[PDB]
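Two versions of one and the same chain are coming, encoded as C-alpha coordinates; call them structure 1 and structure 2.
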Structure 1
(Lines of atoms letter the chains of each structure in order from A and count residues from 1; the text may use other names and numbers.)
(Lines give C-alpha, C1' and ligand atoms only; values in the text may rest on other atoms or scores of the structure.)
Protein backbone atom coordinates (compact mmCIF):
# COMPACT_ATOMS: atom_id res chain seq x y z
CA UNK A 1 0.00 0.00 0.00
CA UNK A 2 1.55 3.27 -1.30
CA UNK A 3 2.23 5.93 1.37
CA UNK A 4 2.80 8.67 -1.23
CA UNK A 5 -0.74 8.07 -2.50
CA UNK A 6 -2.20 8.50 1.00
CA UNK A 7 -0.30 11.76 1.51
CA UNK A 8 -1.60 13.14 -1.79
CA UNK A 9 -5.18 12.08 -1.06
CA UNK A 10 -5.22 13.42 2.51
CA UNK A 11 -3.70 16.76 1.46
CA UNK A 12 -6.19 17.34 -1.41
CA UNK A 13 -9.06 16.35 0.85
CA UNK A 14 -7.94 18.87 3.49
CA UNK A 15 -7.27 21.67 1.01
CA UNK A 16 -10.69 21.09 -0.56
CA UNK A 17 -12.39 20.80 2.86
CA UNK A 18 -10.98 24.22 3.78
CA UNK A 19 -12.14 25.78 0.48
CA UNK A 20 -8.77 26.00 -1.32
CA UNK A 21 -8.29 25.77 -5.10
CA UNK A 22 -6.02 27.23 -7.79
CA UNK A 23 -7.50 25.53 -10.82
CA UNK A 24 -11.10 24.57 -11.50
CA UNK A 25 -10.60 21.35 -9.42
CA UNK A 26 -11.53 -0.64 -3.20
CA UNK A 27 -9.06 -1.74 -0.49
CA UNK A 28 -6.96 1.32 -1.34
CA UNK A 29 -10.18 3.37 -1.14
CA UNK A 30 -11.05 1.91 2.26
CA UNK A 31 -7.72 3.07 3.78
CA UNK A 32 -8.07 6.57 2.31
CA UNK A 33 -11.61 6.86 3.65
CA UNK A 34 -10.72 5.72 7.14
CA UNK A 35 -7.68 8.09 7.20
CA UNK A 36 -9.80 11.06 6.06
CA UNK A 37 -12.36 10.21 8.74
CA UNK A 38 -9.79 9.67 11.50
CA UNK A 39 -8.07 12.94 10.49
CA UNK A 40 -11.44 14.68 10.71
CA UNK A 41 -12.27 13.30 14.17
CA UNK A 42 -8.74 14.04 15.45
CA UNK A 43 -9.07 17.63 14.29
CA UNK A 44 -12.49 17.99 15.93
CA UNK A 45 -11.23 16.57 19.22
CA UNK A 46 -7.81 18.19 19.36
CA UNK A 47 -7.64 21.33 17.20
CA UNK A 48 -8.05 23.59 20.23
CA UNK A 49 -5.18 21.80 22.05
CA UNK A 50 -3.03 21.57 18.86
CA UNK A 51 -3.92 25.19 17.94
CA UNK A 52 -1.59 26.96 20.36
CA UNK A 53 1.36 25.29 18.59
CA UNK A 54 0.10 25.14 14.96
CA UNK A 55 -0.59 28.90 14.93
CA UNK A 56 2.52 30.64 13.50
CA UNK A 57 4.01 27.52 11.86
CA UNK A 58 4.02 28.44 8.16
CA UNK A 59 6.54 27.07 5.64
CA UNK A 60 8.32 29.45 3.31
CA UNK A 61 10.52 28.93 0.20
CA UNK A 62 13.51 28.39 2.51
CA UNK A 63 12.20 26.05 5.24
CA UNK A 64 14.41 22.96 5.46
CA UNK A 65 13.13 19.40 5.57
CA UNK A 66 15.39 18.83 8.63
CA UNK A 67 13.45 21.42 10.65
CA UNK A 68 10.22 19.67 9.70
CA UNK A 69 11.78 16.32 10.61
CA UNK A 70 13.15 17.56 13.99
CA UNK A 71 9.69 18.92 14.89
CA UNK A 72 7.81 15.81 13.78
CA UNK A 73 10.24 13.48 15.68
CA UNK A 74 8.80 14.98 18.89
CA UNK A 75 5.42 13.39 18.12
CA UNK A 76 7.02 9.96 17.84
CA UNK A 77 9.51 10.25 20.72
CA UNK A 78 7.69 7.62 22.84
CA UNK A 79 7.19 5.44 19.76
CA UNK A 80 4.85 4.88 16.84
CA UNK A 81 1.15 4.07 17.02
CA UNK A 82 -1.80 4.64 14.67
CA UNK A 83 -3.02 7.63 16.68
CA UNK A 84 0.30 9.37 16.24
CA UNK A 85 0.34 8.43 12.56
CA UNK A 86 -3.06 10.16 12.20
CA UNK A 87 -1.76 13.21 14.09
CA UNK A 88 1.12 13.30 11.62
CA UNK A 89 -1.19 13.43 8.56
CA UNK A 90 -3.36 16.11 10.28
CA UNK A 91 -0.30 18.12 11.24
CA UNK A 92 0.87 17.91 7.62
CA UNK A 93 -2.57 18.94 6.35
CA UNK A 94 -2.70 21.89 8.73
CA UNK A 95 0.82 22.98 7.79
CA UNK A 96 -0.05 22.78 4.12
CA UNK A 97 -3.34 24.68 4.53
CA UNK A 98 -1.62 27.40 6.60
CA UNK A 99 1.35 27.89 4.24
CA UNK A 100 -0.81 27.99 1.11
CA UNK A 101 -3.00 30.66 2.68
CA UNK A 102 -0.09 32.93 3.66
CA UNK A 103 1.99 32.44 0.52
CA UNK A 104 -1.01 33.10 -1.71
CA UNK A 105 -1.90 36.26 0.16
CA UNK A 106 1.69 37.51 -0.08
CA UNK A 107 1.92 36.77 -3.82
CA UNK A 108 -1.38 38.39 -4.78
CA UNK A 109 -0.67 41.46 -2.58
CA UNK A 110 2.71 41.96 -4.25
CA UNK A 111 1.21 41.86 -7.76
CA UNK A 112 -1.60 44.19 -6.63
CA UNK A 113 1.07 46.57 -5.27
CA UNK A 114 3.03 46.35 -8.57
CA UNK A 115 -0.09 47.21 -10.56
CA UNK A 116 -1.07 50.10 -8.27
CA UNK A 117 2.50 51.48 -8.50
CA UNK A 118 2.45 51.28 -12.32
CA UNK A 119 -0.98 52.92 -12.51
CA UNK A 120 0.04 55.84 -10.27
CA UNK A 121 3.38 56.61 -12.00
CA UNK A 122 2.53 55.97 -15.66
CA UNK A 123 -1.22 56.02 -16.20
CA UNK A 124 -3.00 58.22 -13.67
CA UNK A 125 -1.87 61.52 -15.27
CA UNK A 126 -3.38 60.41 -18.60
CA UNK A 127 -6.59 59.22 -16.94
CA UNK A 128 -7.03 62.65 -15.28
CA UNK A 129 -6.27 64.40 -18.58
CA UNK A 130 -8.81 62.28 -20.48
CA UNK A 131 -11.94 62.48 -18.33
CA UNK A 132 -11.27 60.06 -15.48
CA UNK A 133 -12.82 56.60 -15.15
CA UNK A 134 -16.31 58.06 -15.72
CA UNK A 135 -15.41 58.77 -19.34
CA UNK A 136 -14.19 55.18 -19.67
CA UNK A 137 -17.61 53.98 -18.49
CA UNK A 138 -19.34 56.40 -20.89
CA UNK A 139 -17.20 55.21 -23.81
CA UNK A 140 -16.96 51.49 -23.00
CA UNK A 141 -19.87 50.56 -20.73
Structure 2
Protein backbone atom coordinates (compact mmCIF):
# COMPACT_ATOMS: atom_id res chain seq x y z
CA UNK A 1 0.00 0.00 0.00
CA UNK A 2 3.12 2.25 0.41
CA UNK A 3 4.68 0.98 -2.90
CA UNK A 4 3.26 3.69 -5.26
CA UNK A 5 4.11 6.73 -2.98
CA UNK A 6 7.70 5.47 -2.33
CA UNK A 7 8.06 4.76 -6.08
CA UNK A 8 6.88 8.38 -6.82
CA UNK A 9 9.53 9.84 -4.46
CA UNK A 10 12.29 7.71 -6.05
CA UNK A 11 11.25 8.53 -9.64
CA UNK A 12 10.95 12.28 -8.89
CA UNK A 13 14.48 12.35 -7.40
CA UNK A 14 16.04 10.21 -10.18
CA UNK A 15 14.28 12.22 -12.95
CA UNK A 16 15.65 15.43 -11.33
CA UNK A 17 19.24 14.11 -11.13
CA UNK A 18 19.22 12.75 -14.69
CA UNK A 19 17.90 16.13 -15.95
CA UNK A 20 20.55 17.99 -13.94
CA UNK A 21 23.25 15.91 -15.72
CA UNK A 22 21.80 16.63 -19.20
CA UNK A 23 19.35 13.76 -19.75
CA UNK A 24 15.74 15.01 -20.46
CA UNK A 25 14.33 11.43 -20.76
CA UNK A 26 12.23 9.25 -20.31
CA UNK A 27 2.53 18.18 0.94
CA UNK A 28 4.07 15.61 -1.49
CA UNK A 29 5.63 18.52 -3.48
CA UNK A 30 7.30 19.89 -0.30
CA UNK A 31 8.88 16.42 0.33
CA UNK A 32 10.09 16.10 -3.32
CA UNK A 33 11.58 19.66 -3.22
CA UNK A 34 13.35 19.08 0.16
CA UNK A 35 14.87 15.81 -1.13
CA UNK A 36 16.08 17.49 -4.39
CA UNK A 37 17.71 20.29 -2.28
CA UNK A 38 19.21 17.79 0.21
CA UNK A 39 20.57 15.66 -2.67
CA UNK A 40 22.19 18.75 -4.26
CA UNK A 41 23.74 19.82 -0.93
CA UNK A 42 25.00 16.26 -0.35
CA UNK A 43 26.58 16.06 -3.82
CA UNK A 44 28.26 19.46 -3.39
CA UNK A 45 29.63 18.46 0.04
CA UNK A 46 30.83 14.96 -1.08
CA UNK A 47 31.71 15.66 -4.79
CA UNK A 48 35.11 13.82 -4.20
CA UNK A 49 33.30 10.62 -3.08
CA UNK A 50 31.10 10.71 -6.27
CA UNK A 51 34.29 10.87 -8.39
CA UNK A 52 35.70 7.85 -6.44
CA UNK A 53 32.36 6.01 -6.97
CA UNK A 54 32.23 6.76 -10.77
CA UNK A 55 35.90 5.54 -11.09
CA UNK A 56 35.49 2.26 -9.05
CA UNK A 57 31.97 1.06 -10.10
CA UNK A 58 32.78 -0.45 -13.57
CA UNK A 59 28.96 -0.79 -13.89
CA UNK A 60 27.65 -3.58 -16.10
CA UNK A 61 24.05 -4.93 -16.19
CA UNK A 62 25.45 -8.09 -14.51
CA UNK A 63 27.24 -6.31 -11.60
CA UNK A 64 24.87 -3.32 -11.04
CA UNK A 65 22.69 -5.10 -8.44
CA UNK A 66 25.72 -6.49 -6.52
CA UNK A 67 27.24 -2.94 -6.40
CA UNK A 68 23.90 -1.41 -5.37
CA UNK A 69 23.32 -4.00 -2.55
CA UNK A 70 26.97 -3.70 -1.28
CA UNK A 71 26.93 0.11 -0.99
CA UNK A 72 23.38 0.34 0.45
CA UNK A 73 24.18 -2.38 3.09
CA UNK A 74 27.39 -0.48 4.07
CA UNK A 75 25.53 2.85 4.22
CA UNK A 76 22.93 1.56 6.72
CA UNK A 77 25.20 -0.95 8.60
CA UNK A 78 25.13 1.19 11.81
CA UNK A 79 21.44 2.09 11.47
CA UNK A 80 19.30 4.74 9.79
CA UNK A 81 19.38 8.53 10.05
CA UNK A 82 18.21 11.29 7.69
CA UNK A 83 21.73 11.95 6.36
CA UNK A 84 22.12 8.29 5.33
CA UNK A 85 18.68 8.39 3.63
CA UNK A 86 19.89 11.45 1.64
CA UNK A 87 23.10 9.48 0.77
CA UNK A 88 20.92 6.52 -0.37
CA UNK A 89 18.89 8.69 -2.78
CA UNK A 90 22.11 10.43 -3.95
CA UNK A 91 23.83 7.07 -4.58
CA UNK A 92 20.86 5.82 -6.64
CA UNK A 93 20.96 9.07 -8.64
CA UNK A 94 24.72 8.67 -9.30
CA UNK A 95 24.25 5.01 -10.38
CA UNK A 96 21.50 6.06 -12.85
CA UNK A 97 23.61 8.85 -14.38
CA UNK A 98 26.58 6.45 -14.70
CA UNK A 99 24.31 3.81 -16.33
CA UNK A 100 23.11 6.32 -18.99
CA UNK A 101 26.73 7.57 -19.52
CA UNK A 102 27.88 3.96 -20.22
CA UNK A 103 24.93 3.30 -22.64
CA UNK A 104 23.30 0.97 -20.06
CA UNK A 105 19.98 2.98 -19.85
CA UNK A 106 18.14 -0.35 -19.22
CA UNK A 107 19.49 -0.18 -15.59
CA UNK A 108 17.68 3.12 -14.77
CA UNK A 109 14.21 1.48 -14.31
CA UNK A 110 15.88 -1.47 -12.47
CA UNK A 111 17.71 0.85 -9.99
CA UNK A 112 14.44 2.81 -9.42
CA UNK A 113 12.70 -0.49 -8.51
CA UNK A 114 15.57 -1.62 -6.20
CA UNK A 115 15.43 1.80 -4.45
CA UNK A 116 11.62 1.77 -4.01
CA UNK A 117 11.77 -1.81 -2.61
CA UNK A 118 14.57 -0.91 -0.15
CA UNK A 119 12.69 2.25 0.95
CA UNK A 120 9.46 0.18 1.39
CA UNK A 121 11.00 -2.80 3.19
CA UNK A 122 13.80 -1.30 5.26
CA UNK A 123 13.50 2.50 5.57
CA UNK A 124 9.74 3.20 5.83
CA UNK A 125 9.41 1.90 9.52
CA UNK A 126 12.29 4.16 10.67
CA UNK A 127 10.90 7.13 8.67
CA UNK A 128 7.48 6.87 10.37
CA UNK A 129 9.08 6.37 13.83
CA UNK A 130 11.28 9.47 13.36
CA UNK A 131 8.50 11.93 12.48
CA UNK A 132 7.80 11.05 8.86
CA UNK A 133 8.74 13.02 5.76
CA UNK A 134 7.20 16.22 7.30
CA UNK A 135 10.06 16.12 9.85
CA UNK A 136 12.57 15.65 7.00
CA UNK A 137 11.08 18.75 5.23
CA UNK A 138 11.57 20.79 8.44
CA UNK A 139 15.22 19.72 8.86
CA UNK A 140 16.33 19.84 5.15
CA UNK A 141 13.76 21.90 3.19
CA UNK A 142 13.64 25.69 2.44
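Here, rigid core means the biggest group of C-alpha atoms that superpose within 1.5 Å across both forms. Residue numbers count along the first chain shown, from 1.
Any CA movement of 2 Å or more for residue 62 between structure 1 and structure 2, core superposed?
Yes; that C-alpha moves by at least 2 Å between structure 1 and structure 2.
For residue 44, decide whether the Cα shift between structure 1 and structure 2 is 2 Å or greater, given a superposition on the rigid core.
Comparing forms between structure 1 and structure 2, the residue 44 CA shifts below 2 Å.
Hey, does residue 112 budge by 2 Å or more at the Cα between structure 1 and structure 2 once the core is superposed?
Yes, residue 112 moves 2 Å or more.
Can you read me the CA shift for residue 71 between structure 1 and structure 2, rigid core superposed, in Å?
On core superposition, this C-alpha lies 2.8 Å from its counterpart.
After superposition on the rigid core, what is the displacement of the C-alpha atom of residue 136 between structure 1 and structure 2, in Å?
So the C-alpha of this residue moves 62.9 Å.
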